[PDB]
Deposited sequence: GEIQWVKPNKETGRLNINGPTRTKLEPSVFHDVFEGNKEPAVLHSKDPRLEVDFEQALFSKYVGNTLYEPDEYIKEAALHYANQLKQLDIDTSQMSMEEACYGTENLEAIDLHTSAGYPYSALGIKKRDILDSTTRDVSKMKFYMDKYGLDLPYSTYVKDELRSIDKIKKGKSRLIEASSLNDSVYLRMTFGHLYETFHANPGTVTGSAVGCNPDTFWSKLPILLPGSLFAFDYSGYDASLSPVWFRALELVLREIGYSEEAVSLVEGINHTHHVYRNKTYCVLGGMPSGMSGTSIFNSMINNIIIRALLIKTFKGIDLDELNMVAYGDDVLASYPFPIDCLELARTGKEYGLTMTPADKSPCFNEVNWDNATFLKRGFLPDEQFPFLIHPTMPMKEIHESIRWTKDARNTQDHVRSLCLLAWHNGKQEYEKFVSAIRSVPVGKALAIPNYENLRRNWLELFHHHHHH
């Protein structure tokens, strides 16, 4: 991904889009009870904590582009994946505007407590003024579709969230790319059925973990990924995507039988325009965070990437022996023979991808005893060993509990953290629960009982 040009909104006619510049985050009653090192991200140009210029750090994630056209490896990789998807029999027909706006069994409705994007978020128009869950009215939507057209620019906001100390000093806040409801509606109308399929089939045919429930999915993974595991991390996956991968995605979409009209929509996301405050900018490459389909598409693209990386790096790779699962950039994959990722990373750089080792180390072996996916590890149950615990590390659960965007929901926050923490064992969970109790607010909380968490987990099976 690479920024092509920046022009003032005076020159491009774009309305100003401003976001919030002060964090909803404030220290919690458990702030000094647990340890942690994170703080709210830098949201403002003149934050004291800053050690560099803010915006230059904000947009450094667009590292640039390498390949624009698929080579022979990326073609064969698209084709292998594309063929693997055919057994799913995806409905490539256009879904109805009622279904796209208001949902199906396998596709939630358009979120209505959330912004409608350019240009509504500047005209004071909310989604709620155009859509109505109870009416299922597609009347006002089709009017505004033909008022503002399609390909409206993405509204850029800084994400309000906890980041490590470094990323605060160095200015490395995340940006969200808020789509226009007009594009979300169309994207949902063109690929909604593919969405349905992908949500209805987390696993190694889709290669998509989207829709999975870690409590039960974790026990299938060691059967779905047999043999030697490999994994790795990307530095800036979304923004590093060179235009070639959108070309690759187009290869997969056609092979599974999408209309050319449908496939044309992919350039609409390889090449995007954006408004940040009072400037308009152009981005060639890079997956916009906030568009209808980002996760699935990043997940598809990843499937193309691993296949290509494999067959351009090693000789005699049988892609039929690859199993893999992607959640956007997150990956777990297995092959009958160990795959050296030091060499994949080398192939990766050729393709504009920066890959680091998975254990956050500077050397690249991955096994179940140390593999992680969706931030959780894999821990076989001490009683029934074929049942696998996802283990969210207690370090990350400590980071969350120390802050809050509204204390009115402390009770709710702590329960959700306990549903995550208990998989680390009785001894760790009671260490957690008792330190919550160590504070006057903690003694007023309803806290789930470990044996009830365990018992509820086992009835799942």
| item | value |
| --- | --- |
| Missing residue ranges, deposited sequence indexing starting at 1 | 365, 463-468 |
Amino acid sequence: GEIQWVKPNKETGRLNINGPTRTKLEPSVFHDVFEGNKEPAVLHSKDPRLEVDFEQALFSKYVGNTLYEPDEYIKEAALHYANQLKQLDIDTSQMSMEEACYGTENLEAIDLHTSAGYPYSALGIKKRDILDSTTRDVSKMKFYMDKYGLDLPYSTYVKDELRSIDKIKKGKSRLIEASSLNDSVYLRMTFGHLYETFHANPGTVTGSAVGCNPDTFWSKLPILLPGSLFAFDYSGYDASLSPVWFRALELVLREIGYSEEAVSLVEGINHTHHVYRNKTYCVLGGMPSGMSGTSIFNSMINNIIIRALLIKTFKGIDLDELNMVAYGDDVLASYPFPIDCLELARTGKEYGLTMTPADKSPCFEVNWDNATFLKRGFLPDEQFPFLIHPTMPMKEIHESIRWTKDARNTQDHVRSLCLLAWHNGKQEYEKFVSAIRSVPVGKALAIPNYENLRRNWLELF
From here on, numbers count along this sequence of modelled residues.
{"query": "Of 168-176 and 212-220, the one with larger mean CA B-factor", "finding": "168-176"}
{"query": "443-451 versus 12-20 - which carries the larger mean C-alpha B factor in the record", "finding": "12-20"}
{"query": "Identity of residue with top Cα B-factor, from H199, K375, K360, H274", "finding": "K360"}
{"query": "Top residue by Cα temperature factor, when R254, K127, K349, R247 are compared in the entry", "finding": "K127"}
{"query": "Chain-wide C-alpha B factor ranking for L419, given as lowest, middle or highest third", "finding": "lowest"}
{"query": "CA B-factor placement of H80, once the chain's modelled residues are sorted into thirds", "finding": "lowest"}
{"query": "Chain-wide C-alpha B factor ranking for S299, given as lowest, middle or highest third", "finding": "lowest"}
{"query": "Relative C-alpha B-factor of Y335, binned into the chain's lowest, middle or highest third", "finding": "middle"}
{"query": "Chain-wide C-alpha B factor ranking for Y148, given as lowest, middle or highest third", "finding": "highest"}
